[PDB]
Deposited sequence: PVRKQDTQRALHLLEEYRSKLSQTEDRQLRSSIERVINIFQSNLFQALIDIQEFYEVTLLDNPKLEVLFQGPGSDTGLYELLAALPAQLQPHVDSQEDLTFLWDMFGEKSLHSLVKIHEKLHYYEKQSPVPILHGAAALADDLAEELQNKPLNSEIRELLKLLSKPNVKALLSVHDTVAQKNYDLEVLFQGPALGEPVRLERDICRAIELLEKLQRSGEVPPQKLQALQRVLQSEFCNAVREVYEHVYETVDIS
């Protein structure tokens, strides 16, 4: 299990040795050390290390991952890079401590390949309707309670306050906003069973359309939330959740 500090210390060192090069024999060792720097600081990468470390994920422990080592973004060749590095940096490394450390780091290879595979999909990501669904859901639920209690208003306000829905919206924004946060990692298991979630959300959309059809609220907020929930980006977030829920025991 790759520990956070290692990837961290390795990110520090890897960056260090990249600067002590200029243009001679480094139009590659650098252009190469960059890929890794980038990947390492990437938000996606940081999230993988956390899942892996907190939920002890292993290709042995979680074999459903194996499907990610095939298809667009697999043998992209990236494996060689990492491996052929401790060798290239060895000359420039003047520490019997870092040298051993580097050959040690460059589990991780699988991690990085998975990153290159997910990153490939993410680039095909759909565009989010908005960046504040959780807020939205709150502005709407404030409004509704300040009105005569309809049976749709009761069932809707109850849904918006379920942990799983609250998480979908929270994760929605986190991913929409490109702002990873370990705190948001733990919100994962709050979404629960993927089918119940998809079913609670559809019912939310029903009550949402209904309140609009009977013009008595009658915000653009309901419309907006209904659009975020039907959002093909929001739908994408749940698909990606389905897969994670299978390959790793969260709940």
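Engineer: As a test: can you identify every run of the deposited sequence that has no C-alpha position in this structure, in order?
Structural biologist: No coordinates exist for the deposited residues in 107-109, so this stretch alone is absent from the model.
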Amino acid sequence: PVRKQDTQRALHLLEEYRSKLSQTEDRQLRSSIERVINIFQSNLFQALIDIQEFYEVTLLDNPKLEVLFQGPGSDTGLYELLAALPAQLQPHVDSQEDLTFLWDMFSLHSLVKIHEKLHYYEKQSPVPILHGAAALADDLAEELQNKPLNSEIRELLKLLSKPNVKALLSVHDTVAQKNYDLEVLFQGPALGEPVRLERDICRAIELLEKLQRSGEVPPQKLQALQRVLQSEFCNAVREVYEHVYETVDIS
From here on, numbers count along this sequence of modelled residues.
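Engineer: Can you let me know which of the two, 240-248 or 4-12, has the higher average C-alpha B-factor in the entry?
Structural biologist: Looking at the record's C-alpha B-factors, the answer is 4-12.
Engineer: Quick check on the record: does 71-79 or 125-133 carry the larger mean Cα temperature factor?
Structural biologist: So the stretch with the higher mean C-alpha B-factor is 71-79.
Engineer: Between 169, 159, 140, 99, which one tops the list for Cα B-factor in this entry?
Structural biologist: Highest C-alpha B-factor among the listed residues goes to 99.
Engineer: Could you tell me which one of 206, 50, 193, 26 shows the highest CA temperature factor in the PDB record?
Structural biologist: Of 206, 50, 193, 26, 26 has the highest C-alpha B-factor.
Engineer: Please place residue 39 in the lowest, middle or highest third of its chain according to the CA B-factor in the PDB entry.
Structural biologist: Middle third by C-alpha B-factor.
Engineer: Would you mind checking where the Cα B-factor of residue 33 ranks among the modelled residues of its chain, as the lowest, middle or highest third?
Structural biologist: Highest third, going by the recorded CA B-factors of the chain.
Engineer: Within this chain's modelled residues, let me know which third the CA B factor of residue 59 belongs to: lowest, middle or highest.
Structural biologist: Middle third of the chain for residue 59's C-alpha B-factor.
Engineer: Could you say whether, by C-alpha temperature factor, residue 178 belongs to the lowest, middle or highest third of its chain?
Structural biologist: Ranked within chain, residue 178 CA B lands in the lowest tercile.
Engineer: Sorting the chain's modelled residues by C-alpha B-factor, tell me whether residue 163 ends up in the lowest, middle or highest third.
Structural biologist: Its C-alpha B-factor, which the entry lists for residue 163, ranks in the lowest third among residues of this chain.
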